[PDB]
$ cat input-v5.txt   # compact mmCIF, N, CA and C atoms
# COMPACT_ATOMS: atom_id res chain seq x y z
N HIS A 3 -66.31 42.91 108.38
CA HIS A 3 -66.41 43.04 109.87
C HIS A 3 -66.61 41.66 110.51
N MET A 4 -65.71 41.32 111.46
CA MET A 4 -65.62 40.03 112.13
C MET A 4 -66.44 40.02 113.43
N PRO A 5 -66.59 38.86 114.13
CA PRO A 5 -67.39 38.79 115.36
C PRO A 5 -66.77 39.35 116.65
N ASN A 6 -67.34 40.48 117.10
CA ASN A 6 -66.94 41.24 118.27
C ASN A 6 -68.17 41.46 119.16
N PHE A 7 -68.25 42.62 119.83
CA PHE A 7 -69.36 42.93 120.73
C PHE A 7 -70.67 43.11 119.96
N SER A 8 -70.54 43.30 118.65
CA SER A 8 -71.63 43.77 117.82
C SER A 8 -72.75 42.74 117.80
N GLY A 9 -73.99 43.22 117.81
CA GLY A 9 -75.12 42.30 117.76
C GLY A 9 -76.33 42.79 118.56
N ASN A 10 -77.34 41.93 118.63
CA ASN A 10 -78.56 42.17 119.38
C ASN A 10 -78.61 41.09 120.45
N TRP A 11 -78.84 41.54 121.69
CA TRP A 11 -78.72 40.70 122.87
C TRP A 11 -80.02 40.76 123.68
N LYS A 12 -80.38 39.63 124.30
CA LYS A 12 -81.58 39.52 125.11
C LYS A 12 -81.22 38.84 126.44
N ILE A 13 -81.69 39.42 127.56
CA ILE A 13 -81.23 39.06 128.90
C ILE A 13 -81.69 37.64 129.24
N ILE A 14 -80.89 36.89 130.00
CA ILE A 14 -81.35 35.58 130.44
C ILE A 14 -81.20 35.41 131.96
N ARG A 15 -80.21 36.06 132.57
CA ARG A 15 -80.17 36.10 134.03
C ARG A 15 -80.00 37.54 134.49
N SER A 16 -80.31 37.80 135.77
CA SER A 16 -80.33 39.13 136.34
C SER A 16 -80.28 39.00 137.85
N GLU A 17 -79.06 39.07 138.38
CA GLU A 17 -78.80 38.80 139.78
C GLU A 17 -78.42 40.10 140.47
N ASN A 18 -79.09 40.38 141.60
CA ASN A 18 -78.85 41.53 142.46
C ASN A 18 -79.37 42.85 141.88
N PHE A 19 -80.38 42.81 141.00
CA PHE A 19 -80.87 44.06 140.43
C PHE A 19 -81.58 44.92 141.47
N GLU A 20 -82.42 44.28 142.29
CA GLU A 20 -83.22 44.96 143.28
C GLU A 20 -82.30 45.67 144.27
N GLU A 21 -81.27 44.94 144.72
CA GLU A 21 -80.39 45.39 145.79
C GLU A 21 -79.64 46.64 145.33
N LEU A 22 -79.30 46.68 144.03
CA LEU A 22 -78.59 47.81 143.45
C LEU A 22 -79.47 49.05 143.51
N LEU A 23 -80.73 48.88 143.12
CA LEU A 23 -81.67 49.99 143.11
C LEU A 23 -81.90 50.50 144.52
N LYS A 24 -81.95 49.58 145.48
CA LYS A 24 -82.13 49.99 146.87
C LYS A 24 -81.01 50.94 147.30
N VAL A 25 -79.76 50.54 147.04
CA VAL A 25 -78.58 51.34 147.34
C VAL A 25 -78.70 52.71 146.68
N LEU A 26 -79.34 52.74 145.50
CA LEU A 26 -79.55 53.96 144.73
C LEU A 26 -80.80 54.70 145.19
N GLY A 27 -81.41 54.25 146.29
CA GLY A 27 -82.42 55.01 147.01
C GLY A 27 -83.81 54.93 146.38
N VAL A 28 -84.01 53.96 145.50
CA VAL A 28 -85.29 53.70 144.88
C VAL A 28 -86.19 53.00 145.90
N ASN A 29 -87.43 53.49 146.06
CA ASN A 29 -88.41 52.98 147.00
C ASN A 29 -88.88 51.59 146.58
N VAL A 30 -89.34 50.78 147.55
CA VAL A 30 -89.68 49.38 147.34
C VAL A 30 -90.53 49.16 146.09
N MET A 31 -91.67 49.86 146.02
CA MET A 31 -92.65 49.59 144.98
C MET A 31 -92.03 49.75 143.59
N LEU A 32 -91.18 50.77 143.42
CA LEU A 32 -90.56 50.99 142.12
C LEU A 32 -89.49 49.94 141.86
N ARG A 33 -88.81 49.48 142.92
CA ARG A 33 -87.79 48.48 142.69
C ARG A 33 -88.44 47.26 142.05
N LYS A 34 -89.67 46.94 142.48
CA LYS A 34 -90.30 45.68 142.12
C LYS A 34 -90.78 45.75 140.68
N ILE A 35 -91.36 46.90 140.32
CA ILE A 35 -91.84 47.18 138.98
C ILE A 35 -90.67 47.23 138.01
N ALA A 36 -89.51 47.62 138.55
CA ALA A 36 -88.25 47.66 137.83
C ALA A 36 -87.70 46.25 137.63
N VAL A 37 -87.82 45.41 138.66
CA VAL A 37 -87.35 44.04 138.56
C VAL A 37 -88.21 43.34 137.51
N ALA A 38 -89.49 43.71 137.45
CA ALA A 38 -90.40 43.17 136.45
C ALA A 38 -89.98 43.61 135.05
N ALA A 39 -89.62 44.88 134.89
CA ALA A 39 -89.33 45.42 133.57
C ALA A 39 -88.01 44.86 133.03
N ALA A 40 -87.15 44.35 133.93
CA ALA A 40 -85.80 43.93 133.59
C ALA A 40 -85.78 42.59 132.86
N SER A 41 -86.84 41.79 132.96
CA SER A 41 -86.81 40.51 132.26
C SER A 41 -87.11 40.69 130.77
N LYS A 42 -87.16 41.95 130.32
CA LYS A 42 -87.29 42.27 128.91
C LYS A 42 -86.20 43.28 128.50
N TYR A 43 -84.99 43.13 129.06
CA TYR A 43 -83.83 43.95 128.73
C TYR A 43 -83.20 43.49 127.41
N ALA A 44 -83.19 44.40 126.44
CA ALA A 44 -82.57 44.13 125.16
C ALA A 44 -81.41 45.09 124.99
N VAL A 45 -80.31 44.62 124.40
CA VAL A 45 -79.17 45.50 124.16
C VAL A 45 -78.70 45.30 122.72
N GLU A 46 -78.63 46.40 121.97
CA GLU A 46 -78.08 46.35 120.63
C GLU A 46 -76.75 47.10 120.64
N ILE A 47 -75.69 46.48 120.11
CA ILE A 47 -74.38 47.13 120.00
C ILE A 47 -73.89 47.13 118.55
N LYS A 48 -73.43 48.31 118.11
CA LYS A 48 -72.58 48.45 116.94
C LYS A 48 -71.19 48.84 117.44
N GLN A 49 -70.20 47.98 117.20
CA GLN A 49 -68.83 48.30 117.59
C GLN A 49 -67.95 48.44 116.35
N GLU A 50 -67.42 49.64 116.11
CA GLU A 50 -66.35 49.73 115.14
C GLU A 50 -65.04 50.17 115.80
N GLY A 51 -64.08 49.24 115.77
CA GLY A 51 -62.80 49.40 116.43
C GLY A 51 -63.21 49.92 117.81
N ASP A 52 -62.74 51.13 118.11
CA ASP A 52 -62.47 51.74 119.39
C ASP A 52 -63.75 52.41 119.90
N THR A 53 -64.80 52.36 119.08
CA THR A 53 -65.92 53.29 119.07
C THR A 53 -67.23 52.51 119.17
N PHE A 54 -68.17 52.98 120.01
CA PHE A 54 -69.33 52.15 120.33
C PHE A 54 -70.66 52.90 120.33
N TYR A 55 -71.66 52.29 119.66
CA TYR A 55 -73.06 52.64 119.84
C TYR A 55 -73.76 51.53 120.62
N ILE A 56 -74.43 51.90 121.73
CA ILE A 56 -75.18 50.97 122.57
C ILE A 56 -76.60 51.47 122.87
N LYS A 57 -77.59 50.62 122.56
CA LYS A 57 -79.01 50.84 122.82
C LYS A 57 -79.47 49.83 123.87
N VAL A 58 -79.87 50.33 125.04
CA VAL A 58 -80.52 49.51 126.06
C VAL A 58 -81.99 49.90 126.16
N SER A 59 -82.85 48.88 126.11
CA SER A 59 -84.29 49.10 126.11
C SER A 59 -85.01 48.03 126.94
N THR A 60 -86.21 48.41 127.39
CA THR A 60 -87.23 47.55 127.95
C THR A 60 -88.51 47.80 127.15
N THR A 61 -89.65 47.27 127.60
CA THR A 61 -90.89 47.43 126.87
C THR A 61 -91.20 48.91 126.62
N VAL A 62 -91.00 49.78 127.62
CA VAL A 62 -91.47 51.15 127.46
C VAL A 62 -90.34 52.18 127.48
N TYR A 63 -89.08 51.75 127.63
CA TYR A 63 -88.00 52.73 127.75
C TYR A 63 -86.76 52.27 126.98
N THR A 64 -86.04 53.24 126.42
CA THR A 64 -84.85 52.96 125.63
C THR A 64 -83.86 54.09 125.88
N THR A 65 -82.56 53.80 125.88
CA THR A 65 -81.60 54.89 125.76
C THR A 65 -80.39 54.45 124.96
N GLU A 66 -79.78 55.47 124.36
CA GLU A 66 -78.68 55.33 123.44
C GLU A 66 -77.51 56.10 124.00
N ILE A 67 -76.33 55.48 123.92
CA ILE A 67 -75.11 56.20 124.23
C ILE A 67 -74.12 55.97 123.09
N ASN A 68 -73.22 56.95 122.93
CA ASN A 68 -72.16 56.87 121.94
C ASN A 68 -70.86 57.26 122.63
N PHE A 69 -69.82 56.46 122.42
CA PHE A 69 -68.57 56.79 123.07
C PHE A 69 -67.39 56.17 122.33
N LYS A 70 -66.24 56.74 122.64
CA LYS A 70 -64.97 56.15 122.30
C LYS A 70 -64.34 55.71 123.61
N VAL A 71 -63.72 54.54 123.59
CA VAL A 71 -62.88 54.13 124.69
C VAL A 71 -61.83 55.22 124.91
N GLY A 72 -61.69 55.66 126.16
CA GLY A 72 -60.60 56.55 126.53
C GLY A 72 -60.99 58.01 126.45
N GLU A 73 -62.23 58.27 126.01
CA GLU A 73 -62.69 59.62 125.78
C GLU A 73 -63.98 59.83 126.56
N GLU A 74 -63.92 60.80 127.48
CA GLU A 74 -65.02 61.18 128.35
C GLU A 74 -66.27 61.48 127.53
N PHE A 75 -67.42 61.04 128.06
CA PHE A 75 -68.74 61.28 127.48
C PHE A 75 -69.76 61.41 128.61
N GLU A 76 -71.02 61.70 128.26
CA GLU A 76 -72.03 61.86 129.29
C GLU A 76 -73.18 60.88 129.08
N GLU A 77 -73.71 60.41 130.21
CA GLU A 77 -74.88 59.55 130.23
C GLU A 77 -75.54 59.75 131.58
N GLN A 78 -76.45 58.84 131.93
CA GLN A 78 -77.10 58.87 133.23
C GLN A 78 -76.74 57.61 134.01
N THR A 79 -76.68 57.73 135.35
CA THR A 79 -76.62 56.58 136.25
C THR A 79 -77.88 55.75 136.05
N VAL A 80 -77.91 54.51 136.57
CA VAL A 80 -79.11 53.70 136.45
C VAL A 80 -80.31 54.42 137.08
N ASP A 81 -80.06 55.26 138.10
CA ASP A 81 -81.14 55.94 138.80
C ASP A 81 -81.60 57.20 138.06
N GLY A 82 -80.85 57.66 137.05
CA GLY A 82 -81.32 58.71 136.15
C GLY A 82 -80.51 60.01 136.22
N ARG A 83 -79.65 60.11 137.24
CA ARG A 83 -78.82 61.29 137.48
C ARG A 83 -77.74 61.39 136.40
N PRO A 84 -77.53 62.56 135.75
CA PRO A 84 -76.48 62.70 134.74
C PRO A 84 -75.08 62.59 135.34
N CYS A 85 -74.16 62.06 134.53
CA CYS A 85 -72.83 61.76 134.99
C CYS A 85 -71.87 61.85 133.81
N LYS A 86 -70.59 62.09 134.13
CA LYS A 86 -69.49 61.96 133.19
C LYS A 86 -68.91 60.55 133.34
N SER A 87 -68.72 59.88 132.20
CA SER A 87 -68.34 58.47 132.12
C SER A 87 -67.06 58.32 131.30
N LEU A 88 -66.23 57.34 131.69
CA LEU A 88 -64.99 57.06 130.98
C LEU A 88 -64.77 55.55 130.90
N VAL A 89 -64.71 55.03 129.66
CA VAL A 89 -64.55 53.61 129.38
C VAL A 89 -63.10 53.25 129.05
N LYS A 90 -62.59 52.18 129.68
CA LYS A 90 -61.26 51.67 129.39
C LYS A 90 -61.36 50.17 129.18
N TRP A 91 -60.45 49.60 128.36
CA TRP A 91 -60.44 48.15 128.17
C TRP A 91 -59.77 47.49 129.37
N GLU A 92 -60.06 46.19 129.63
CA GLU A 92 -59.47 45.44 130.73
C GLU A 92 -58.81 44.14 130.27
N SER A 93 -59.36 43.54 129.22
CA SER A 93 -58.73 42.45 128.48
C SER A 93 -59.23 42.52 127.04
N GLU A 94 -59.10 41.43 126.28
CA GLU A 94 -59.48 41.53 124.88
C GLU A 94 -60.94 41.96 124.81
N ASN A 95 -61.69 41.56 125.84
CA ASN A 95 -63.12 41.38 125.66
C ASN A 95 -63.93 41.94 126.82
N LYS A 96 -63.27 42.75 127.65
CA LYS A 96 -63.94 43.42 128.75
C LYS A 96 -63.65 44.91 128.65
N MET A 97 -64.68 45.73 128.88
CA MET A 97 -64.48 47.14 129.15
C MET A 97 -65.15 47.49 130.48
N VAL A 98 -64.60 48.51 131.14
CA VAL A 98 -65.08 48.99 132.43
C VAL A 98 -65.27 50.50 132.30
N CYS A 99 -66.18 51.04 133.10
CA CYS A 99 -66.57 52.44 132.98
C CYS A 99 -66.75 53.04 134.37
N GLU A 100 -65.85 53.97 134.74
CA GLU A 100 -65.95 54.75 135.96
C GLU A 100 -66.88 55.94 135.70
N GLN A 101 -67.59 56.37 136.75
CA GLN A 101 -68.58 57.42 136.64
C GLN A 101 -68.40 58.42 137.78
N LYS A 102 -68.50 59.71 137.41
CA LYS A 102 -68.52 60.82 138.34
C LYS A 102 -69.81 61.58 138.06
N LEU A 103 -70.59 61.82 139.12
CA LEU A 103 -71.80 62.63 139.06
C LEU A 103 -71.49 64.04 138.56
N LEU A 104 -72.38 64.57 137.70
CA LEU A 104 -72.33 65.97 137.29
C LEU A 104 -72.59 66.86 138.50
N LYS A 105 -73.73 66.63 139.17
CA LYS A 105 -74.16 67.48 140.26
C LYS A 105 -74.53 66.60 141.45
N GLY A 106 -73.82 66.79 142.56
CA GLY A 106 -74.31 66.32 143.85
C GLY A 106 -73.47 65.20 144.48
N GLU A 107 -74.07 64.59 145.50
CA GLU A 107 -73.48 63.53 146.29
C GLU A 107 -74.25 62.24 146.01
N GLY A 108 -73.54 61.13 145.92
CA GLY A 108 -74.22 59.86 145.76
C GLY A 108 -73.24 58.70 145.87
N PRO A 109 -73.69 57.46 145.63
CA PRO A 109 -72.80 56.30 145.68
C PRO A 109 -71.80 56.32 144.52
N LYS A 110 -70.65 55.68 144.71
CA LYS A 110 -69.72 55.46 143.61
C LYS A 110 -70.34 54.40 142.71
N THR A 111 -70.57 54.75 141.43
CA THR A 111 -71.12 53.80 140.48
C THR A 111 -70.15 53.55 139.33
N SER A 112 -70.39 52.43 138.63
CA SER A 112 -69.60 51.98 137.50
C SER A 112 -70.33 50.82 136.81
N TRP A 113 -69.94 50.55 135.56
CA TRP A 113 -70.44 49.36 134.90
C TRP A 113 -69.34 48.63 134.12
N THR A 114 -69.66 47.41 133.70
CA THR A 114 -68.77 46.64 132.84
C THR A 114 -69.60 45.89 131.79
N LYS A 115 -68.94 45.59 130.68
CA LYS A 115 -69.49 44.72 129.66
C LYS A 115 -68.34 43.81 129.23
N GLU A 116 -68.68 42.53 129.02
CA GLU A 116 -67.70 41.52 128.70
C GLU A 116 -68.35 40.46 127.83
N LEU A 117 -67.56 39.96 126.88
CA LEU A 117 -67.96 38.92 125.95
C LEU A 117 -67.25 37.65 126.39
N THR A 118 -68.00 36.62 126.79
CA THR A 118 -67.38 35.38 127.24
C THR A 118 -67.01 34.51 126.04
N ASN A 119 -66.29 33.42 126.33
CA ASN A 119 -65.85 32.47 125.32
C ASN A 119 -67.02 31.71 124.71
N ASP A 120 -68.02 31.34 125.57
CA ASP A 120 -69.22 30.68 125.07
C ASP A 120 -70.14 31.68 124.35
N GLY A 121 -69.72 32.97 124.23
CA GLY A 121 -70.42 33.94 123.41
C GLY A 121 -71.65 34.54 124.10
N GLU A 122 -71.55 34.72 125.42
CA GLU A 122 -72.54 35.47 126.16
C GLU A 122 -72.01 36.88 126.40
N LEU A 123 -72.93 37.85 126.49
CA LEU A 123 -72.57 39.19 126.93
C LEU A 123 -72.99 39.37 128.38
N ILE A 124 -72.01 39.78 129.20
CA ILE A 124 -72.20 39.88 130.63
C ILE A 124 -71.98 41.33 131.05
N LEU A 125 -73.05 41.92 131.61
CA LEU A 125 -73.10 43.28 132.14
C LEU A 125 -73.04 43.24 133.66
N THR A 126 -72.16 44.06 134.23
CA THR A 126 -72.19 44.29 135.67
C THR A 126 -72.45 45.77 135.91
N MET A 127 -73.12 46.08 137.02
CA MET A 127 -73.37 47.45 137.40
C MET A 127 -73.19 47.56 138.90
N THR A 128 -72.33 48.48 139.32
CA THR A 128 -71.93 48.57 140.71
C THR A 128 -72.38 49.91 141.27
N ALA A 129 -73.00 49.83 142.45
CA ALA A 129 -73.14 50.99 143.31
C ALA A 129 -72.55 50.66 144.68
N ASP A 130 -71.52 51.42 145.05
CA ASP A 130 -70.71 51.19 146.23
C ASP A 130 -70.30 49.73 146.27
N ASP A 131 -70.82 49.03 147.29
CA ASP A 131 -70.37 47.70 147.65
C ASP A 131 -71.27 46.65 146.99
N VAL A 132 -72.30 47.09 146.23
CA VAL A 132 -73.28 46.17 145.65
C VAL A 132 -73.07 46.02 144.14
N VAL A 133 -73.05 44.76 143.66
CA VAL A 133 -72.77 44.46 142.26
C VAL A 133 -73.91 43.67 141.62
N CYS A 134 -74.51 44.24 140.56
CA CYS A 134 -75.59 43.58 139.82
C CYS A 134 -75.05 42.99 138.52
N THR A 135 -75.36 41.71 138.29
CA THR A 135 -74.81 40.98 137.16
C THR A 135 -75.93 40.47 136.26
N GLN A 136 -75.80 40.77 134.96
CA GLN A 136 -76.81 40.42 133.99
C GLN A 136 -76.16 39.71 132.81
N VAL A 137 -76.78 38.62 132.35
CA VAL A 137 -76.24 37.77 131.30
C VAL A 137 -77.16 37.82 130.08
N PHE A 138 -76.56 37.90 128.89
CA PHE A 138 -77.32 38.12 127.68
C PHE A 138 -76.83 37.13 126.63
N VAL A 139 -77.73 36.72 125.73
CA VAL A 139 -77.37 35.86 124.63
C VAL A 139 -77.74 36.59 123.34
N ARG A 140 -77.09 36.18 122.24
CA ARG A 140 -77.43 36.67 120.91
C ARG A 140 -78.92 36.44 120.64
N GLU A 141 -79.54 37.33 119.87
CA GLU A 141 -80.98 37.32 119.75
C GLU A 141 -81.41 36.22 118.77
$ encode --input "input-v5.txt" --output "structure tokens"
Amino acid sequence: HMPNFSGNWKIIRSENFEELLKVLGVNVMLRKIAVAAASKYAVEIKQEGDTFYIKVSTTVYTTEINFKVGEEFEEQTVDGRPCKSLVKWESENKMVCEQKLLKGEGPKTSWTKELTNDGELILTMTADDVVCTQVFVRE
């Protein structure tokens, strides 16, 4: 197995996190405690070919998703609401994920993950017109 998305990642930048949560209707006090918890974002990925295991965690919370590119799966929005998700590739090293809520009305959300040439992992998370960008390095 050669060098791909696979590995353990630790966050180093986190731009527009608060603003994203606001759009997602999170009250001030929780946004701030959330911004605090985000400087300990760890991501572990196992990638085999087309197929992905991803663990995102902070000090007190973790979640795991499993998916194949091109095949619908379920997870939660950043705000916690369950959703149907679909991942597609965009270049050698970027995937994007459109999301439709299971139940109800809310902002259009989506995320991306990309591996840069300097070997950083870059996560984006979009709610409507607001885009949160997070940068990660190998652990």
$ closest_residue --input "input-v5.txt" --among "A:92, A:76, A:122, A:81" --to "residue A:32" --atoms "only C-alpha atoms"
A:81
$ closest_residue --input "input-v5.txt" --among "A:19, A:91, A:63, A:69" --to "residue A:45" --atoms "only C-alpha atoms"
A:63
$ closest_residue --input "input-v5.txt" --among "A:128, A:60, A:135, A:119" --to "residue A:99" --atoms "only C-alpha atoms"
A:128
$ atom_distance --input "input-v5.txt" --atom1 "atom CA of residue A:134" --atom2 "atom CA of residue A:21"
7.9 Å
$ select_by_dssp --input "input-v5.txt" --residues "chain A" --states "alpha helix (DSSP H)" --output "ChimeraX atom specification"
/A:19-25,30-39
$ residues_around --input "input-v5.txt" --residues "residue A:59" --least-positions-apart "6" --cutoff "8 Å" --atoms "all atoms listed in the file" --output "PyMOL selection string"
chain A and resi 39-40+42-46+65-66
$ atom_distance --input "input-v5.txt" --atom1 "atom CA of residue A:112" --atom2 "atom N of residue A:33"
20.1 Å
$ atom_distance --input "input-v5.txt" --atom1 "atom CA of residue A:130" --atom2 "atom CA of residue A:48"
29.5 Å
$ closest_residue --input "input-v5.txt" --among "A:107, A:139, A:72, A:26" --to "residue A:52" --atoms "all atoms listed in the file"
A:72
$ residues_near_point --input "input-v5.txt" --point "(-74.2, 46.1, 142.2)" --cutoff "12 Å" --atoms "only C-alpha atoms" --output "MDAnalysis selection string"
chainID A and resid 16:26 80 109:114 125:136
$ closest_residue --input "input-v5.txt" --among "A:123, A:85, A:31, A:71" --to "residue A:47" --atoms "only C-alpha atoms"
A:123
$ closest_residue --input "input-v5.txt" --among "A:67, A:61, A:121, A:104" --to "residue A:36" --atoms "only C-alpha atoms"
A:61
$ residues_around --input "input-v5.txt" --residues "residue A:87" --least-positions-apart "4" --cutoff "6.5 Å" --atoms "all atoms listed in the file" --output "ChimeraX atom specification"
/A:73-77,99-102
$ write_last_selection --input "input-v5.txt" --atoms "N, CA and C atoms" --output "compact mmCIF listing (two decimals), in the coordinates of the input"
# COMPACT_ATOMS: atom_id res chain seq x y z
N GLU A 73 -62.23 58.27 126.01
CA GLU A 73 -62.69 59.62 125.78
C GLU A 73 -63.98 59.83 126.56
N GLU A 74 -63.92 60.80 127.48
CA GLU A 74 -65.02 61.18 128.35
C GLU A 74 -66.27 61.48 127.53
N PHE A 75 -67.42 61.04 128.06
CA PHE A 75 -68.74 61.28 127.48
C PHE A 75 -69.76 61.41 128.61
N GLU A 76 -71.02 61.70 128.26
CA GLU A 76 -72.03 61.86 129.29
C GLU A 76 -73.18 60.88 129.08
N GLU A 77 -73.71 60.41 130.21
CA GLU A 77 -74.88 59.55 130.23
C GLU A 77 -75.54 59.75 131.58
N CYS A 99 -66.18 51.04 133.10
CA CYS A 99 -66.57 52.44 132.98
C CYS A 99 -66.75 53.04 134.37
N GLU A 100 -65.85 53.97 134.74
CA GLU A 100 -65.95 54.75 135.96
C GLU A 100 -66.88 55.94 135.70
N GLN A 101 -67.59 56.37 136.75
CA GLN A 101 -68.58 57.42 136.64
C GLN A 101 -68.40 58.42 137.78
N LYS A 102 -68.50 59.71 137.41
CA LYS A 102 -68.52 60.82 138.34
C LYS A 102 -69.81 61.58 138.06
$ select_by_dssp --input "input-v5.txt" --residues "chain A" --states "strand (DSSP E or B)" --output "PyMOL selection string"
chain A and resi 9-17+44-50+53-59+64-70+73+75-78+84-93+96-103+111-117+123-129+132-140
$ axis_aligned_box --input "input-v5.txt" --around "stretch 108-111 of chain A" --padding-each-side "3 Å" --output "lines of an AutoDock Vina configuration file"
center_x = -72.0
center_y = 57.3
center_z = 142.6
size_x = 10.5
size_y = 13.6
size_z = 12.6
$ residues_around --input "input-v5.txt" --residues "residue A:116" --least-positions-apart "5" --cutoff "5 Å" --atoms "only N, CA and C atoms" --output "compact mmCIF listing (two decimals) with N, CA and C atoms, in the frame of the given file"
# COMPACT_ATOMS: atom_id res chain seq x y z
N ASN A 95 -61.69 41.56 125.84
CA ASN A 95 -63.12 41.38 125.66
C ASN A 95 -63.93 41.94 126.82
N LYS A 96 -63.27 42.75 127.65
CA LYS A 96 -63.94 43.42 128.75
C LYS A 96 -63.65 44.91 128.65
N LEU A 123 -72.93 37.85 126.49
CA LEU A 123 -72.57 39.19 126.93
C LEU A 123 -72.99 39.37 128.38
N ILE A 124 -72.01 39.78 129.20
CA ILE A 124 -72.20 39.88 130.63
C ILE A 124 -71.98 41.33 131.05
